[PDB]
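Heads up, the thing below is written out as structure tokens.
Coordinate-derived values only; no laboratory data. Here Cβ is always computed from backbone atoms with ideal geometry, including for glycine, and neighbour counts include all displayed protein chains.
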Amino acid sequence: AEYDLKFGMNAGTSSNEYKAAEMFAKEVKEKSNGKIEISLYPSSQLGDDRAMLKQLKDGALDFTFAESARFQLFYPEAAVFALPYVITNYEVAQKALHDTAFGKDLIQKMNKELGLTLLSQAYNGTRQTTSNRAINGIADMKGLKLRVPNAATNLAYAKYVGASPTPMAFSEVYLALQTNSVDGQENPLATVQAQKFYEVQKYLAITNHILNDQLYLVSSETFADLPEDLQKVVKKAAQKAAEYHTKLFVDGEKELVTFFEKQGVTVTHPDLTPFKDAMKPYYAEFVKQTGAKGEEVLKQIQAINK
């Protein structure tokens with residue numbers, strides 16, 4: 001095994017992400033005639049996403065996953081990708097990243113400033129809201145102790161809809177929900193199934209608040225050290241994996257509501273125009289932070305129609 005490479009992620013071994021990364025590792029092994037072996041490190045074994053991105057930069061870790069919106073950590077205007085109700089569907093997420101000036105520049109900085117090479121982009125579900133109480137309208141969110149990842153855009157979803165955002169480490173969520181220490185969480189359906197949150201949540205609400213993508217990233221150092229024929233193998237396998245990755249989420253999202261209802265969950269479809277209207281003040285805050293340039297970027301993305 002001439003290159004022994006490592007891929008870390010947050011997702012666990014029963015996730016779609018993990019299955020996609022298994023395909024990626026298998027594909028690369030086969031198509032490189034065993035010259036490259038890729039070991040998987042799931043469930044944040046090697047650190048959280050901030051730590052894993054940092055390791056790609058220094059060439060200590062070869063591959064990882066990250067959402068486009070996560071780069072708000074470094075470039076505030078990238079929050080645009082996860083501003084609730086802005087990015088209406090996956091075609092838009094693709095164009096926002098690949099076909100806008102803002103997106104093209106972000107990819108450049110990912111490489112120049114952060115040591116990251118983008119190989120491919122995948123759909124990673126629309127986020128929904130689970131609870132121990134029915135959400136039939138925005139009114140029912142008032143006071144709801146809603147677990148969120150520590151990421152400004154998810155915090156803002158919770159805050160501006162009138163809930164009490166409770167940031168919490170993913171590992172601990174199952175137990176919090178079970179004990180009703182917290183009333184709910186928000187994640188794509190696939191993650192609800194993977195973490196079995198349906199065992200400990202009686203209600204599912206179709207809030208459609210935020211669309212997730214996943215970027216297949218490689219350390220620029222590692223990738224530059226590969227001979228050009230192996231670069232092509234990795235690049236092509238990443239594209240193939242991302243198509244599979246996308247398909248898992250799309251297929252999952254025509255089934256999973258039925259699956260949950262089979263398991264005892266009650267599913268609501270609250271009116272989302274009050275939810276959208278509650279975000280207007282958050283869009284204002286985004287602009288107040290990112291200035292004329294952020295306003296320009298938000299307009300450009302809202303202008304994208306499929």
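Which length gain, in nm to one decimal place, applies between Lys276 and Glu228 when the Cα-Cα distance is subtracted from 0.36 nm times their residue separation? List each step's numbers first, then the result.
On the way: separation 48, 0.36 × 48 = 17.28 nm, distance 4.73 nm.
Full-extension gain reported as 12.6 nm.
Ratio to report: Rg/Rh of segment 163-306, with Cα atoms as the point set and Rh obtained by the Kirkwood method; give two decimals.
1.04
If a/c stays under 1.5 just call it rounded; otherwise compare a/b with b/c (prolate if a/b is bigger, oblate if not). Do that for segment 167-234, with a ≥ b ≥ c from the square roots of the Cα gyration tensor eigenvalues.
Prolate is the answer for segment 167-234, as a/c is 1.5 or above and a/b outweighs b/c.
To the nearest 10 degrees, how steep is helix 152-161 against the longest Cα principal axis of the chain, on a 0 to 90 scale?
That works out to roughly 10 degrees.
How are the C-alpha pair distances of the chain spread across 20 Å bins, as whole percents from the shortest bin up?
Here the calculated profile for the chain is 33, 58, 9.
Binning every alpha carbon pair distance of segment 1-141 at 5 Å from zero, what are the percents per bin?
2, 8, 15, 18, 18, 17, 10, 6, 3, 1, 1, 0
Can you tell me how segment 1-40 classifies by the Cα gyration tensor, rounded, prolate or oblate, using a/c under 1.5 as the rounded cut? Intermediate values should be presented prior to the final figure.
Details: a/c = 4.15, a/b = 1.89, b/c = 2.20.
Since a/c reaches 1.5 but b/c is at least a/b, the shape of segment 1-40 is classed as oblate.
With n ≥ 4 as the cut-off for DSSP H runs, can you work out [θ] at 222 nm for the chain, using -39500 (n - 2.57) per run divided by the number of residues, rounded to the nearest 500? Present the calculation step by step, with values, prior to reporting the outcome.
On the way: 11 runs with 136 residues, N = 306.
Mean residue ellipticity, 222 nm, calculated: -14000 deg cm²/dmol.
Give the Rg/Rh ratio for segment 31-108, taking Rg as the radius of gyration of the Cα atoms and Rh as the Kirkwood radius, to two decimals.
Across segment 31-108, the Cα-based Rg/Rh ratio is 1.05.
Could you give the nm distance between label points at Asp58 and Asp105, where each point is 7 Å from its Cα heading toward the beta carbon?
Using points 7 Å along Cα→Cβ, the separation is 3.0 nm.
Along the Cα→Cβ direction, 7 angstrom out, place labels at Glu22 and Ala134. What is the inter-label distance in nm?
Result: 3.9 nm between the two label points.
Can you tell which of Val297, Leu272, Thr179 lies farthest toward the positive end of the dipole of the chain, using +1 and -1 charges on the Cβ of basic and acidic side chains (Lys, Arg; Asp, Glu)?
Positive-end residue among those listed: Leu272.
Suppose the chain between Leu175 and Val257 were pulled fully straight at 0.36 nm per residue; how much longer would it get relative to their current alpha carbon spacing?
That works out to 27.3 nm of additional length.
Quick check for me: using +1 on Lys/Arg Cβ and -1 on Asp/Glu Cβ, what's the dipole size of segment 165-306 about its Cα centre, in debye to the nearest 20?
Charge dipole, segment 165-306, about its Cα centre: 300 debye, nearest 20.
Taking 51 Å as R0, compute the FRET efficiency from the Cβ-Cβ separation of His269 and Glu221 and round it to 0.05.
On the way: r = 48 Å, r/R0 = 0.94.
According to the calculation, E is roughly 0.60.
If each Cα of segment 94-224 is one equal point scatterer, what is log10 of I(q)/I(0) from the Debye formula at q = 0.09 Å⁻¹?
-0.34
Could you tell me which trypsin sites (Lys or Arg not before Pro) in segment 217-256 are loop residues by DSSP with no more than 13 other beta carbons within 10 angstrom of their beta carbon? Mind showing how you got there, number by number?
On the way: sites: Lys232, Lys235, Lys236, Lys240, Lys247, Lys254; in loops: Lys254.
Sites meeting the loop and neighbour criteria: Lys254.
Which of the peptides 109-122, 34-47, 255-268 is most tightly packed, and how do the rest follow, going by the mean number of other Cβ atoms within 10 Å of each residue?
109-122, 34-47, 255-268
Can you tell me what share of the DSSP beta bridges in the chain is antiparallel? A percent to the nearest 5 is fine.
55
Compute and list, largest first, the equivalent-ellipsoid semi-axes of segment 92-154 from the alpha carbon gyration tensor, each √(5λ) rounded to a whole angstrom.
Three semi-axes, in Å: 35, 14, 11.
How many nm is it between the label spots at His98 and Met168, if each spot is 7 Å from the Cα in line with the beta carbon?
Distance between the two pseudo-spin positions: 3.8 nm.
Just how large is the dipole of the chain about the Cα centre, in debye to the nearest 20, putting +1 at every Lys and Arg Cβ and -1 at every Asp and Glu Cβ?
Magnitude of the dipole: close to 480 debye.
Of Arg133, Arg70, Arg147, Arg50, how do they rank once you tally other Cβ atoms within 10 Å and put the fewest first? Let's see the in-between values first.
Values: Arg133 16, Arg70 20, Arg147 25, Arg50 12.
Starting with the residue having the fewest Cβ neighbours, the order is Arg50, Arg133, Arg70, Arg147.
Among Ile107, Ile135, what is the fewest-to-most ranking by other Cβ atoms within 10 Å? Spell out each step's value before the answer.
Numbers: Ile107 17, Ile135 23.
With the fewest neighbours first, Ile107, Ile135 line up as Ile107, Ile135.
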